[PDB]
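Taking the form deposited in one PDB entry, here's one chain by itself in structure tokens.
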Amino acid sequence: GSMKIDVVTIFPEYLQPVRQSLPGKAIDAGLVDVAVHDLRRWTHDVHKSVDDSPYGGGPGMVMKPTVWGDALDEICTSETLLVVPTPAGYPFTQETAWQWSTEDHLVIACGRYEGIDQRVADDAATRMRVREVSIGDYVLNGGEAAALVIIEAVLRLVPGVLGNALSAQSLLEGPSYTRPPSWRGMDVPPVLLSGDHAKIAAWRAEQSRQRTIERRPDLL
């Protein structure tokens, strides 16, 4: 019904699209709150260091456990769902989005560089639910774009939060058409204007089958 989301990142400005997406009515009805925190608030030194060289060598730096530990200590409780984007994560899917849409408090820990010292998530997992997840099989610069995707996929399932409706309606969806009935020599498929709604449903099912075979045979 309602959800608080905290995002922790060294680039809080990158979360701006979430602010752009939130309707005033959802916030005012106390259905949702999204806070974004600069990780550097929890640094210890004058140079505001968030990263350090990896033990055992390697490319790039690793984010410091003492900084992340302090941040999450302040922001999380035992009731928090701690979400950690990572390309080494479990797959984030629509099932995941449905499961998380009923949560009361999500905290999303956005990494950069070569990620966060593993002890941060391992320690957190001894007193809260922790989920390392990936939004897809490509490489990003950090967790922030993944946070945008996760927040949208989850909040659109919370009634009234993003302004979208949830329709009554596995296989891929087939093609959709609207006015005008003819455009650049292409007519809308006549069956859609036939008023035979059993035939229309069969036509759409076959379109879905063909599209799935062509684009996502893994689903069959």
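When you see a residue number, it is the position in the sequence shown, counting from 1. Think of the rigid core as the biggest set of C-alphas that the two forms share within 1.5 Å after superposition.
Trainee: In a third or more of the other compared PDB entries with flanking residues modelled, does residue 61 go missing?
Mentor: No.
Trainee: As a check of understanding, is residue 165 unmodelled in at least a third of the other compared entries that model its flanking residues?
Mentor: Yes, left without coordinates in at least a third.
Trainee: Mind giving me a quick count class for deposited residues absent from the model between residue 176 and residue 177? Options are none, 1 to 3, 4 to 9, 10 or more.
Mentor: In the record, the chain runs straight from residue 176 to residue 177 with none unmodelled.
Trainee: On mean C-alpha B-factor from the PDB entry, just flag whether 65 to 73 or 50 to 58 is the higher one.
Mentor: If you average the C-alpha B-factors of 65 to 73 and of 50 to 58, the larger mean comes out for 50 to 58.
Trainee: Comparing average C-alpha B factors as deposited, tell me which of 185 to 193 and 25 to 33 sits higher.
Mentor: Averaging CA B-factors over each stretch, the winner is 25 to 33.
Trainee: Quick one: which of 126, 93, 102, 80 shows the highest Cα temperature factor in the PDB entry?
Mentor: Max CA B-factor in the entry, restricted to 126, 93, 102, 80: 102.
Trainee: If you rank the chain by CA B-factor, which third does residue 209 end up in: lowest, middle or highest?
Mentor: For residue 209, the deposited C-alpha B-factor lands in the middle third.
Trainee: Grab the CA temperature factor for residue 18 from the record and place it in the lowest, middle or highest third of its chain.
Mentor: Top third by C-alpha B-factor.
Trainee: Quick check for you: using the entry's CA B-factors within this chain, is residue 152 in the lowest, middle or highest third?
Mentor: According to the entry, residue 152 has a C-alpha B-factor in the chain's lowest third.
The protein also exists as the form deposited in another entry; that form is not presented, and the subsequent description refers to it.
Trainee: Let me spell it out: fit the two forms on their rigid core, measure each listed C-alpha, and pick the one of 192, 50, 26, 153 that moves 2 Å or more between the shown form and the other one. Which is it?
Mentor: So the residue whose C-alpha moves 2 Å or more is 26.
Trainee: Report the direction of the Cα distance change between residue 22 and residue 35 in the other form, compared with the displayed form, as closer or farther; the change is 3 Å or more.
Mentor: Compared with the shown chain, residue 22-residue 35 is farther in the other form.
Trainee: Closer or farther: how do the CA atoms of residue 23 and residue 105 lie in the other form, compared with the form shown, if the change is at least 3 Å?
Mentor: Residues converge in the other form, at least 3 Å closer.
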